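Chains as they are written, first to last, in the entry's author numbering: chain A, 386 to 434; chain B, 533 to 621, 641 to 676, 689 to 730; chain C, 927 to 1121; chain D, 731 to 827, 854 to 1072; chain E, 731 to 779; chain F, 975 to 1023; chain G, 44 to 70, 76 to 336. Here a beta-carbon is modelled for each residue, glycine too, at the ideal position from N, C-alpha and C. Okay, so here's the structure we're looking at.
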Amino acid sequence: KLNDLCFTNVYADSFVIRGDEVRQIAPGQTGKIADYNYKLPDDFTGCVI
Amino acid sequence: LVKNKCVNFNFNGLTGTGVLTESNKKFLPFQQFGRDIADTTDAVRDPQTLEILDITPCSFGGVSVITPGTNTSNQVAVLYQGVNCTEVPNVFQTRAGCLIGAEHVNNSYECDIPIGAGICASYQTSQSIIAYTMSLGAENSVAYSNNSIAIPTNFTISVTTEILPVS
Amino acid sequence: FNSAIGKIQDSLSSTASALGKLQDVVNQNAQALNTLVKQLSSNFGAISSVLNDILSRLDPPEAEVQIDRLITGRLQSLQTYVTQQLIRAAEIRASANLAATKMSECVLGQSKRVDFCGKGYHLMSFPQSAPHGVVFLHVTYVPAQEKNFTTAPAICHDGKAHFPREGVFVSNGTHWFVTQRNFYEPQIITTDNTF
Amino acid sequence: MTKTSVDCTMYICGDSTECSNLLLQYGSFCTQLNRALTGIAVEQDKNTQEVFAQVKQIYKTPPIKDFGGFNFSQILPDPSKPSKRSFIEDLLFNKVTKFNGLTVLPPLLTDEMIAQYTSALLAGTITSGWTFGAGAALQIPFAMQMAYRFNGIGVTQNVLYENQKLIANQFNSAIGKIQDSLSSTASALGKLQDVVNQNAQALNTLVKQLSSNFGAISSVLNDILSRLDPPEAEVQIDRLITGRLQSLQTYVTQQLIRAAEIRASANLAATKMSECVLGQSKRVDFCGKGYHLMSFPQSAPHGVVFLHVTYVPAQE
Amino acid sequence: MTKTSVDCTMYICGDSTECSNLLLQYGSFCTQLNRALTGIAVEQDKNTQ
Amino acid sequence: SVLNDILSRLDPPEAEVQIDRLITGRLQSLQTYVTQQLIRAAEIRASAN
Amino acid sequence: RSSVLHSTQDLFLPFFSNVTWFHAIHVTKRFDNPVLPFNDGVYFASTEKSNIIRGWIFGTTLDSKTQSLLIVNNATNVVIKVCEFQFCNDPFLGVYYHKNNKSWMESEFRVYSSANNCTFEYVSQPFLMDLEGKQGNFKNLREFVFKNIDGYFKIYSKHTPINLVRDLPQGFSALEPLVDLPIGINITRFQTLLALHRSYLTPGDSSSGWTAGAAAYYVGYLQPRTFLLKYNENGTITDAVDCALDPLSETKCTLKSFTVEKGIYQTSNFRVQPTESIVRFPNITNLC
Ligand SMILES: *[C@@H]1O[C@H](CO)[C@@H](O[C@@H]2O[C@H](CO)[C@@H](O)[C@H](O)[C@H]2NC(C)=O)[C@H](O)[C@H]1NC(C)=O
Ligand SMILES: *[C@@H]1O[C@H](CO)[C@@H](O[C@@H]2O[C@H](CO)[C@@H](O)[C@H](O)[C@H]2NC(C)=O)[C@H](O)[C@H]1NC(C)=O
Ligand SMILES: *[C@@H]1O[C@H](CO)[C@@H](O)[C@H](O)[C@H]1NC(C)=O
Ligand SMILES: *[C@@H]1O[C@H](CO)[C@@H](O)[C@H](O)[C@H]1NC(C)=O
Ligand SMILES: *[C@@H]1O[C@H](CO)[C@@H](O)[C@H](O)[C@H]1NC(C)=O
Ligand SMILES: *[C@@H]1O[C@H](CO)[C@@H](O)[C@H](O)[C@H]1NC(C)=O
Ligand SMILES: *[C@@H]1O[C@H](CO)[C@@H](O)[C@H](O)[C@H]1NC(C)=O
């Protein structure tokens, strides 16, 4: 439904990490990277690729 | 853009359903939307059009079916609370609502079935449901004079029944 | 009176309108109770309504979440029945309380209040039991036929006004008499009649 | 109180079909709330009939209008003015002052019609005394009726006829003051106004509930439907639906409780109409203050205003 | 009867700030309850009078 | 059953699921009490009158 | 249920629905039994006197590649076959009047080529057939309803004794279900078989030798509706009242009673539905 819906304040973020690290970049998670480098909001509403 | 016809409209990711009509309110250049007292969307500005249009929901209200009685007849008349009678798909327009299936008459009788707003419909005899303004009772004026008095010359004892549920 | 009683007996058998109020109470209670039983069948947010079916069909960790919805919904349904019932009880209590006043005011003694008991002046009332209700037969007196009569507030016989005592003056024209308001009887004016 | 109707389905699930199917699982909840309001709607119409329609026939006042020095022109209907309402009635009306699936059904009895019932009872009382409540109205001259009413309260007839000029002036004067008093402040019509405000606030509160999230992603139902997956909607919509039913349930429950108070008030009104407007009530303080000679009923928006004539002893 | 007023905030969410924010999401339920109760409390004074 | 205890023991992403249930339950208790009081108040009012 | 009224929402024939008559009677050179699209639940009513009508064929495309169902009627037993059958354009059932023995035997049972595999096979309860070619009005009326839901196939039927008029009768009788099938397969179209009444007068070939006689059948679709059903003491369904056939019908459904007392009732609240959909977006053509 992304094509149909419309939005404001679009933000694009790119970073590269190991596959073990893939799990960490998600809402409400605890990881070394996630809790010390980059942490997504609890109410975050965006796709993670 | 379609105006004054009910339509499904998606304006800048906002979805609702109502007749769209041009509105006089002065949107200060800065504001895109609009809202009412109860915080419901009332007006929007088309991005391309850049005009302000009022939004109101198309119709509402239950349809009430008036029946004389199954034993008496198999035909009924329907009253719609909301319809102005141009909106709905023998039509009589009343304050209570839009009524179909009944031919109203000037003469007034007691209200057998109440359609609301002072109009009542009852079966009459060849046979069709009729809606009319109710008359409360026969209008009779008692004579009043400085020297006139009325005293009963006979009396009748009558028994009347009152029913109440105690428990 | 004897004839009047016959009509009421005849009237009750012919139509249910007289006993409509009592009938309404029973239907509502029956309907409210019936709805509550019907609610058990509805599943608010679960695979199935039957608790046993849910238990066999799904796992113990998972089952708790599902059962909670059924419990929550049923509990709300029960609460609605109870809340609705109390309000209905209130209507009956007020109605029930009125019957007690009527019984005391009308059956036990004559009541001066107009329309508390029946229509017109109320001589007496009788109480008859009904299923979940009390039915009152009210005997009331209503004047039927009246004749217009010329009247004067007071009679000045010897330069001193005479006012009717417990009566209202009426006259054919030829002669003047004093009579009670509710029924018409003519009595020649006397010292006893007016002061 | 003004009839209020809420289609349960429209408010709770909205226009969208998905909201309806989810609501269907709940079963009787949607219907009972809709049904409960209808009972209150019908009951409100019933109250007016009981309070106002206590007369089989509509009486009319005599053209000559000789009432032994009592000026009832203000209470009685004026032909020139629209809606056949008395000056006192007009003042009262002036003082007092579908959005989203909520529809207000019009009353069965119109304002003009109610004004007529009140006029009829009032017309009957002046011409026929208390006799009209019991059976067909029998005309008695007002002075005689007044004299007879005095007898009920224990004052002899001679007092009324001898003091008729004085008694009449006080009655005319008394009527002037009530009219003057009503125009000056809204305090007199406070009880009627309170009913309208309480109902209005409940309705308004209900509308505000729709905005509340109730733990959903977003308040608007369409937004959730538009921006979420079909499987994803089982969870988000459900919180919204549960909350909305509770809001509806609270409103319906509150309305019934409010309705009962009004129902109780209507019953009191019926007794007052029966006991005071027709007949004289010996009960102390039921009608007015002091010994109660008579009562007149004037229609008000969603209410009955009673003018009571009472006898109070001035000097000792 | 004894007039009782209950603060919806104090009884439900409690002292905790987090409970206050979650309560706010529900709406005017906390407020509506207060209105009903005071009115009952106000009514009790009128009755004695 | 204690807000202080749940708040200390659990972190905000997952605290809210537990805190929500308590809030919902307590709200129900309040409404029942408030509804009960009104019915009781109505009975008292009739008695008062 | 006994002596109670139940409202059930499931696929049903809408009362007074459009009925499409299909004719295979020669009366001249008239013979038709072409393919018909099948929606959710397709109602079939057959009126047959000489049992010319005998079979139903259901399939997605009848390609012998997607599973299809064939019901063939035999005097000994109703035959239900599930199989990837390869049907010809023009299938039928053949019967001949032999002079040496007065009986009606099958002439060419080449309805299908073969069966690659069979998901399911079945034989219906035993019953018997008249097998008479004599001309006449349809002495009996037979109705079957076919619907497929949740991976099951359901057939409900009843038999009407009074021939009466050629068209379906006004009187209303409920129908019990003969069978249900475990086999679950998709279905997009259907077809009905005929008995060719081949005789000595006919040319004597498969393309031109045939004189069938009278046949008649009507096919009607089913849509979801709310139906109020009245159940008598014994438990058969004596009469049914439709929820949305007219204003009066809706009132009965709401009060759950056949007879509605004089008064005003409210049902089926109406909200106007939007004629067209409009999407308005910004004129920007930039690709982000
Ligand atoms: C008072 O009313 C009663 C009741 O209507 C009258 O009694 C009837 O009189 C007629 C004519 O004489 C009789 O045929 C009936 O049998 C009587 N009974 C009834 C019930 O009608 C009575 O005549 C009236 N007038 C009086 C007493 O003056
Ligand atoms: C319920 O069904 C039975 C049949 O199963 C009905 O009973 C019949 O009563 C009459 C009495 O003479 C006779 O026909 C038989 O004793 C019974 N039936 C038959 C078919 O012979 C009974 O009346 C039914 N109840 C209804 C229709 O309400
Ligand atoms: C609705 O009825 C009113 C009657 O006063 C009329 O003025 C109005 O034009 C009608 N609405 C339409 C045609 O949309
Ligand atoms: C009553 O009417 C008559 C009409 O002739 C009049 O003379 C008399 O003054 C009136 N009575 C009053 C005002 O008391
Ligand atoms: C009584 O009053 C008026 C005259 O004042 C007259 O029209 C009517 O016919 C009279 N009725 C009776 C029953 O005497
Ligand atoms: C008035 O009453 C007396 C009663 O004795 C009667 O003689 C007279 O005829 C009556 N007057 C009439 C009918 O005018
Ligand atoms: C009665 O009141 C009206 C309105 O104030 C006035 O016109 C009239 O003169 C008053 N008095 C009399 C005796 O008519």
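Cutting at 8 Å between CB atoms, please list the residues of its own chain near residue 59 of chain G, excluding the five before and the five after it.
293
Whole-number beta carbon distance between residue 574 of chain B and residue 533 of chain B, since they are thought to touch under 8 Å
In fact, because the Cβ distance is near 18 Å, the residues do not count as touching under 8 Å.
Does any CB atom of chain E fall closer than 8 Å to the CB of residue 1008 of chain F?
yes
Expressed to the nearest angstrom, what Euclidean distance is found between the alpha-carbon atoms of residue 547 of chain B and residue 590 of chain B?
15 Å
Within a Cβ cutoff of 8 Å, which residues of the same chain sit near residue 980 of chain D, ignoring the five residues on either side of it in sequence?
972, 973, 974, 989, 992, 993 and 996
Taking its Cβ as the centre, do 16 or more other Cβ atoms sit within 10 Å of residue 1061 of chain C, making it buried, or is it exposed?
buried
Given this structure, state the Cα-to-Cα distance separating residue 536 of chain B from residue 558 of chain B, to the nearest angstrom.
20 Å
Please work out which residues of its chain come closer than 6 Å, Cβ to Cβ, to residue 1034 of chain D, disregarding the five sequence neighbours upstream and downstream, and give them in chain order.
886 and 889
Is the beta carbon of residue 258 of chain G closer than 8 Å to that of residue 246 of chain G?
yes
Touch check for the stretch 85 to 92 of chain G and the stretch 235 to 252 of chain G: three-plus C-beta pairs under 8 Å?
yes
Quick check on the DSSP output: the beta strand (DSSP E) that includes residue 154 of chain G runs from which residue to which?
152 to 154
Indicate, with yes or no, if ligand 3 has a heavy atom lying under 7 Å from the CB of residue 616 of chain B.
yes
Cβ neighbour criterion (16 or more within 10 Å) applied to residue 29 of chain G:
No answer is possible for residue 29 of chain G: it lies beyond the span of chain G, which begins at 44 and ends at 336.
Mind checking whether the beta-carbon of residue 717 of chain B lies closer than 7 Å to any heavy atom of ligand 1?
yes
Alpha-carbon to alpha-carbon, residue 54 of chain G and residue 197 of chain G:
10 Å
Given this structure, state the Cα-to-Cα distance separating residue 998 of chain D from residue 986 of chain C, to the nearest angstrom.
25 Å
Rounded straight-line distance, which links the Cα of residue 957 of chain C to that of residue 968 of chain C:
17 Å
Outcome for residue 191 of chain G when other beta-carbon atoms lying within 10 angstroms are tallied against a minimum of 16:
buried
Whose Cβ in chain A lies nearer than 8 Å to the Cβ of residue 746 of chain D?
The contacting residues do not exist; residue 746 of chain D stays about 15 Å from chain A at best.
Let me know the secondary structure DSSP gives residue 265 of chain G once reduced to three states.
strand
Beta strand (DSSP E) runs contained entirely in the stretch 124 to 204 of chain G, provided each spans 3 or more residues:
125 to 131, 133 to 135, 141 to 145, 152 to 154, 160 to 163, 169 to 174 and 189 to 197
For residue 74 of chain G, which residues in the same chain have their Cβ closer than 7 Å to its Cβ, ignoring the five residues on either side in sequence?
Between 70 and 76, chain G has no modelled residues, and residue 74 of chain G is one of the positions in that gap.
Taking residue 755 of chain E as the query, report the chain D residues whose CB atoms sit under 8 Å from its CB, ordered along the chain.
968, 969, 970 and 971
Please find out if some non-hydrogen atom of ligand 4 comes closer than 7 Å to the beta-carbon of residue 709 of chain B.
yes
Bridge partners of residue 1074 of chain C, per DSSP?
B:713
Quick check on the DSSP output: the beta strand (DSSP E) that includes residue 285 of chain G runs from which residue to which?
285 to 290
Nearest CA to the CA of residue 959 of chain D: which residue from D:739, D:740, D:756 and D:856?
D:856
Within 10 angstroms of the Cβ of residue 248 of chain G, are there 16 or more other Cβ atoms? Answer buried if so, exposed if not.
exposed
Can you tell me whether DSSP reads residue 980 of chain F as helix, strand or coil?
helix
Could you tell me if residue 1015 of chain D is buried or exposed, where buried requires 16 or more neighbouring beta carbons within 10 angstroms of its beta carbon?
buried
Cβ of residue 702 of chain B versus every heavy atom of ligand 5: is any distance shorter than 7 Å?
no
With a threshold of 16 other CB atoms inside 10 Å of the CB of residue 158 of chain G, please say whether the residue is buried or exposed.
exposed
Could you say which of B:595, B:606 and B:658 lies nearest to residue 859 of chain D if we only look at CA atoms?
B:595
Which residues does DSSP pair with residue 1104 of chain C in a beta bridge?
C:1095 and C:1113
Could you check whether the Cβ of residue 762 of chain E sits closer than 8 Å to any Cβ belonging to chain J?
This model lacks chain J altogether, as its protein chains are A, B, C, D, E, F and G.
Three or more C-beta pairs closer than 8 Å, one from the stretch 1071 to 1079 of chain C and one from the stretch 1046 to 1062 of chain C: is that the case here?
no
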